[PDB]
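Here you get one chain, nothing else, as structure tokens; it is the form deposited in one PDB entry.
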């Protein structure tokens, strides 16, 4: 792999000071480690050499193969970050299949996009756990050193020629962190890539696997050399250990003061190594762009299918609906339609329960997956308009199966109106109201992007929708009668009474409670709240500038 070499030179990097004159070169086929104490800015060097600091404070010359950070050579570079962002309910094989269908170019087949995702599984040693779910801290999945190899496989699908990693071995074991360094040395030696990593606290034989070492001590680097003459260099200045110790622990003490002194390391670097490195340092149309959109939406629906039915079918949401079905069928068992005060309280309990329950569970959707979206939209996998519509279409399928089972169990126990026409009109109003209540939660969760702070604002909003719905207060004090024309509970409840009683005179053989609004101007407003709360959630997610 990678028969197209690369050479990375970063002459005089200065970031504002964090970095103050870092200079070195990275030949193709080398495995380099950036060593430094926690604060020297060894994470800032990796981002500003992979093209993540966009020339604002970065005053240096990051030139890639005697060039620049032009986008033609930036698609040959992968940056593996420090935290892992994976979906739990996908297995290891189908994690890397949906990523290969989104990242690899559109002018291929589906044949060599599945053989490009199984040549990456059986190269990082993931062929044992490929049918095991990924999981998280709450789902029994895969181990944390084998969870890191899925993040590295996510970057090797596009076949990069420069791989930049940010603390791979961190939290891993003693022997899991050695086999990971042994494959990263197998990429740089066997394939011919160029790996630049930053190891925090290496070990006695992890330091033997390295090839070149960079030592940062708050800005100015102290040593750039081939990783086994590091201990023979500092004894020429006059620094040497006493007790037998790790060669990586002797260097990380010279980086912060403790010797066996910090200022003479900086002066001796600019007189013997910096003259040595800097002499060598110069020598489709319209039909294409629509079918690309619908394929981004069909992959993102199947990729998120297992996540949506984890939200809407756990056993603590089924138990709240089975309980409310039994308590309604036992309180209003074989109810009579001639006592109007009881049946109007049945029809208002349905409006409270199915407006509070869809709106509350919808404010957790977008703040839960924000780091996953902003990492993957910035990497060119998908846009916002196809990510968003895969949540709109995928949530109006799973959220319409518990209210449809509530009503079937309950409709002929409590003796509502008999017939197939009053039953299918009562189900249609109930499912339109669940979709209008859900979009109010999606609009408040996206505008605020905090799940605990928006959970109390949907409480206060839905408390005012119930009180102005038309059941508790029979006469409203004349500066509050405007308030019922914005609530979803008012328009649902006037439609349920119009189906069960009609115009009103059929029971007259209690008139302000069977009053007049209109049956076509109540379904017309529940569609304006269906479409209108989904548009205000798109515009609230458009504001997040990456």
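Residue numbers count along the first chain shown, from 1. Under this definition, the rigid core comprises the largest set of C-alpha atoms superposing within 1.5 Å between the forms.
Although it is not shown, the form deposited in another entry is what the next lines describe.
- Fit the rigid core and compare the CA positions between the shown form and the other one: of 122, 459, 82, 175, just 459 moves by 2 angstroms or more.
- Once you line up the core between the shown form and the other one, the Cα of residue 346 ends up 2 Å or more from where it was.
- Annotation for residue 272: C-alpha shift under 2 angstroms between the shown form and the other one, rigid core superposed.
- Superposed on the core, the two forms barely differ at residue 190: its CA moves less than 2 Å between the shown form and the other one.
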